[PDB]
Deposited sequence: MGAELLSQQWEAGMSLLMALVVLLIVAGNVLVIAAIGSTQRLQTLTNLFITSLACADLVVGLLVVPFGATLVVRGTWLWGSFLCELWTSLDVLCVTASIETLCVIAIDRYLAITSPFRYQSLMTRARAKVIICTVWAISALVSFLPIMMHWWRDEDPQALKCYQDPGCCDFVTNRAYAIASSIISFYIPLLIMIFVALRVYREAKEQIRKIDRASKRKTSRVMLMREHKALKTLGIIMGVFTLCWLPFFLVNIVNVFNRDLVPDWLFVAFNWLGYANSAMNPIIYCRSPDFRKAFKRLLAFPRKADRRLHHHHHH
């Protein structure tokens, strides 16, 4: 009964998790292979898209598999070091993602308001430095506090979990909860929204065919930004609400919002099918 039920559950979740992993990895490798093999998709903006696809790829190859083994098997099987490395990679990927989205918004703002200054200022070498900087800053605010144990609580519940090698709950003190949320998420969220609204306004104040084609690409970028926020904002809101009251949102919806967050990593490849050029590159590559 209990043994038959767990065998049905384990088998069915293991399949669902495989499918998620496959969709994230196939979809983002396509985005990277498309850009890497299509001279027409090799715009500076798409270098940032590639960076974003790497963040999602790392979620597919490392973050989600590990998290699946946890959801499926009902414990952490890989020891305390890997538990921390895994959390680190989790925080890294969300941080790098939202920071990259921020850079993309800024890139477009400059492109739209000062096309000429942009032309000369913005080159491939600089696009690469920009990308490395975002990963540097993300690595900095992700790994270091986590390997320093700045996130740990002394709660009775927190201390239980820390000793137990089967527990890889990211149970953190309130300071870290607020600090890391603000630094990894909310600040770059606010920047991205502010700059995105400015790019909207500038698009509205803006031959005719070329403008509708540009605008369609902008709206694509708008969509990946909006979906990212929808996918992660709930998690991070619940993260703050927990600091003030552990009992206002049930654990299950906190775990739900966590997976909704991971689910975002499978979405961009699909959204990029709004572009003829991406669509054609995807069809050619799947051969």
Worksheet, complete the sentence: Deposited-sequence ranges lacking CA coordinates, in order, are 1, 208-219, 301-315
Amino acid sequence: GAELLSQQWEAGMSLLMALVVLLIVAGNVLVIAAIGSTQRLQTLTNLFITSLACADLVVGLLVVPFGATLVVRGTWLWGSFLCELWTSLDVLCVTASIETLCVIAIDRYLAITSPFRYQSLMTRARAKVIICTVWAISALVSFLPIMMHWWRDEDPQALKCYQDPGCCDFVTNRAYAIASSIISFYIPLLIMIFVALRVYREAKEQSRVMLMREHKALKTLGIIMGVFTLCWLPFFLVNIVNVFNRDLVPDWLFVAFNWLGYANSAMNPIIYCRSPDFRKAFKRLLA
From here on, numbers count along this sequence of modelled residues.
Worksheet, complete the sentence: Higher of the two mean Cα B-factors (39-47, 231-239; per PDB record) comes from 39-47
Response to the item:
Comparing 10-18 with 273-281, the higher average Cα temperature factor in the PDB entry belongs to 273-281
Response to the item:
From the entry's CA B-factor values, the highest among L85, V171, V94, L159 is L159
Item to complete: Could you say which of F143, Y176, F185, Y200 has its CA atom at the highest B factor, as listed in the PDB entry?
Response: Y200
Worksheet item: Within this chain, which third does the Cα B-factor at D155 fall in: lowest, middle or highest?
Response: highest
Worksheet item: C-alpha B factor of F116, ranked within the chain: lowest, middle or highest third?
Response: highest
Worksheet entry | Chain third (lowest, middle, highest) by recorded CA B-factor, residue given as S207 | highest
Fill in: Lowest, middle or highest third - CA B-factor, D90
lowest
Worksheet, complete the sentence: Chain thirds by Cα B factor, record data; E99 belongs to the lowest
